[PDB]
């Protein structure tokens, strides 16, 4: 997101700061709301011209950013009951493109065929263009909520260029750990500090990973106390970013779920249990190993031995190799399964982990490794 970086952040002495909106921007937020309200019943093109007219060097980014929020929560509709594709099909089959003088006549024939007026045909002809969509509903969002959502969006946008983002929260740890796993994030826990590998630390799937990462931020800033630190890469330059609840930035408290099902969990247990003669506990709980903590998917036990199993999300070779070294100096035994469709990195020799095939777990390989680990 180049534009935002060069324009809604400031860089100084190796640090990067975001140009958050505050109560000082109340009048600007209201002016954007008024531009949307005035454009109800009009084409998106007319709304955009209103926004361009109010834009000045000083307010340009916030006008754009506020309007992006309102547009996302607004309802647009096509301007005609007619199908634009069927209208154009009819017109083009009667020679519309190869005519010039005859076009008004061809439009009049269409109006008879579709039981309407020439003006309705003309409205329908290109009604599938985005510029032609009609604003029909504007959300009932206050200036303050607009400013809060803009600031959350800005914080999320910055994290698309993060090499790593670390945070602490005063509560909601259980939900956050569940979110990290559902979102497939690369994580590291040390004490109260939770470090998320960012998209500037992967080779591919950057937008997909960054989008997933961004869904975690609304849950962080909902805690009564929280602190974020991040390392940001911009071309060959690096910057340190830091924000906490004590900075009193206006931010929302948005509902976050992005939930799932326990189908694989049950499928995995049912496939391993009697085959292996083993006890399996699903989501057994955070396990501490040395100075680090892990969020395993399964605990597998037989005789007096134990093996934790964790299914990674997005991954790179450097991330998995680092995780493996950290687990090698500790008593816990852990089997990591990595998905080949989530490799955000070059293909390489990675041992000690089990690799999926086309997104499916290889159960015989898992069974044999587990047998070897459990004896």
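Numbering follows the first chain given and starts at 1.
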Taking the recorded C-alpha temperature factors, which stretch has the higher mean, 99-107 or 226-234? 99-107
Taking only the CA atoms, which stretch has the higher mean B-factor in the record, 292-300 or 134-142? 134-142
So if I compare the CA B-factors in the entry for 168, 148, 164, 273, which one is the largest? 273
Name the one of 330, 29, 69, 311 with the greatest CA B-factor according to the PDB entry. 330
Rank-wise, by C-alpha B-factor, drop residue 344 into the lowest, middle or highest third of its chain. middle
Residue 247 CA temperature factor, ranked by third within the chain: middle
What third of its chain's C-alpha B-factors does residue 116 belong to: lowest, middle or highest? highest
Where does residue 86 sit by CA temperature factor within its chain: lowest, middle or highest third? lowest
Looking at the entry's B-factor column for C-alpha atoms only, identify whether residue 194 ranks in the lowest, middle or highest third of its chain. lowest
